[PDB]
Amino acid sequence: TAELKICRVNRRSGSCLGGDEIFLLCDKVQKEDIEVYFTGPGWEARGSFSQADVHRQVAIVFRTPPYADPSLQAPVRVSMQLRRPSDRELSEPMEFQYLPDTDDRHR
């Protein structure tokens, strides 16, 4: 609320299958102690990135996690937050919208 803070992002929606690249500008974080936490009723997931994807402590380029439901029929809004494992500190939540998508290989 006073430390962890999301300042700006390149996109606020993406495929329910995950895998979209997100550029997130934030206040100073520690690459070894930071994560991007997605949440919804009874569901939680984390963005995928390496410590090398944290740029000068103030930006993170990561890939969205897949949503709980790949058969999503209509868009669904979830929360996205920076989370610090060490002390469980969380930034204020930002809205992220998962969108229907189809994988020809998955029926």
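Heads up: residue numbers just count along the shown sequence, starting at 1.
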**Prompt:** So 70 to 78 or 36 to 44, which one's hotter by mean CA B-factor in the entry?
**Reply:** 70 to 78
**Asked** Which is higher in the entry, the mean Cα B factor of 88 to 96 or that of 5 to 13?
**Response** 88 to 96
**Message:** Looking at the temperature factor on the CA atom of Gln51, which third of the chain's modelled residues does it land in?
**Reply:** middle
**Request:** Would you check the entry's CA temperature factor for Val61 and let me know if it's in the chain's lowest, middle or highest third?
**Result:** lowest
